[PDB]
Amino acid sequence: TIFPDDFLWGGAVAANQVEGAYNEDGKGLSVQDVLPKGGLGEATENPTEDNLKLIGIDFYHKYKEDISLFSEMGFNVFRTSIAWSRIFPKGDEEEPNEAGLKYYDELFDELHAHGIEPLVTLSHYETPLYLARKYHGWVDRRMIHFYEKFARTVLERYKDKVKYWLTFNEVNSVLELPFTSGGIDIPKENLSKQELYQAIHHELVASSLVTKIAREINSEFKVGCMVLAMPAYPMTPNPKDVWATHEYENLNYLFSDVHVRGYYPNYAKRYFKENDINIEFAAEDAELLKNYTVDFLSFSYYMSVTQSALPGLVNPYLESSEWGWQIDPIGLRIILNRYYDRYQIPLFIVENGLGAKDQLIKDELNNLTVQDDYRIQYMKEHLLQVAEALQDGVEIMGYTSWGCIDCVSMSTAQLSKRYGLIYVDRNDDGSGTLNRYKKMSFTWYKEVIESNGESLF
């Protein structure tokens, strides 16, 4: 068998993109509840009805049926986030919200009842809007304390219910989305590289602190980082392009080097001097970062990029999707090998998928479904490359397909662009039945999981 018998197959969501029930059971507002237009859109002073995340897909109530469908595909793993605000609504409460904790007790219980290991992202783009409003988010060192309090609460609570944790979904996404990712409510054109990198610093130190705390709580925990995998290729053999490509990749590598190796990499210094970035270390920081590093690295993969020294080219060898994104399956083998060569720790692919405009329609068997064979094709190809990476000896813990059940997108907060193996009937305008339907890819994915990948050949 090519895939290891212990391989974790599954799907991944973030809480705010499915759950809904934004005001229920003590939940405080998150930054998402003010983001009707998504990561790329502006914010509203207060939540508004056009925001699809208030209802979501109603996973908060429907998780039992949805989870039954996961069990139907055979997921032995399911990734999601524990929403920070259902636990600490303002974020500064001395005491946790208990209804919030009980909901997740129930979720993890259903999961384990079906043979499904949860994988929990502690912070996936949903910061208490109170913390964001008051402190301007991760720009402020105080955030560490709050996050610590949050993490300690849940690690301690689920300590026997959840083995796999992730500290942050992409610490560096703070660069392109300060408010959505770091909860930084200050206008983007008023944020200097210094404030951004300082914020990410606070995130990384917190990641370490929480890793420590994690290990003290239970030693069987696995604490991974989560990072955006984007392999870069030189436009030409001209060594100036090859070096430009190298520098491009360091922007990303900078953060995983801290997560994994426990210190700012050698090139950082140069970059900082050139960018007017001087990090401010609290006395405890270096030892925290150094002594507590991730046990594994997880990542999202979608595409590669082609680079040039020339004063973001479109790669002539790559296919495109219906959405007009460039598809690169071999890029997944490449970045797997590159990360594994650099770090020598287990890898986890926690976000992958093909976004499409799927339409629900009656098949020849009269069943309402989606003929998503494009998504079957996409997943096939990517997983064949995963299998190549396994043969190269890369250590790969598992694969969670993104938006395994259709969810509200992060970028635009829309349901139109669907990644799911399970179609949810709700639309951008908010209308619909909320019924779930098997996509054609549901069955196929089922077969890949039950054969532990053998069906791929």
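Residue numbers run from 1 along the displayed sequence.
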| Absent coordinates between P316 and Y317 - deposited residues affected, binned into four classes | none
| 105-113 versus 295-303 - greater average Cα B-factor per the deposited record | 105-113
| request: Using the B-factors recorded in the PDB entry, average over the C-alpha atoms of 271-279 and of 197-205, then report which stretch comes out higher. | output: 271-279
| task | Using the temperature factors in the entry, find which of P128, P329, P265, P231 has the highest value at its Cα atom. | result | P128
| said: Comparing recorded Cα B-factors across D392, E395, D406, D58, which one is largest? | reply: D58
| said: Please say which third, lowest, middle or highest, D341 falls into when its CA temperature factor is compared across its chain. | reply: lowest
| query | Within this chain, which third does the Cα B-factor at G355 fall in: lowest, middle or highest? | reply | middle
| note | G100: CA B-factor among chain residues, third -> highest
| task | Place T369 in the lowest, middle or highest third of its chain's C-alpha B-factors, as listed in the PDB entry. | result | highest
| query | C-alpha B factor of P239, ranked within the chain: lowest, middle or highest third? | reply | lowest
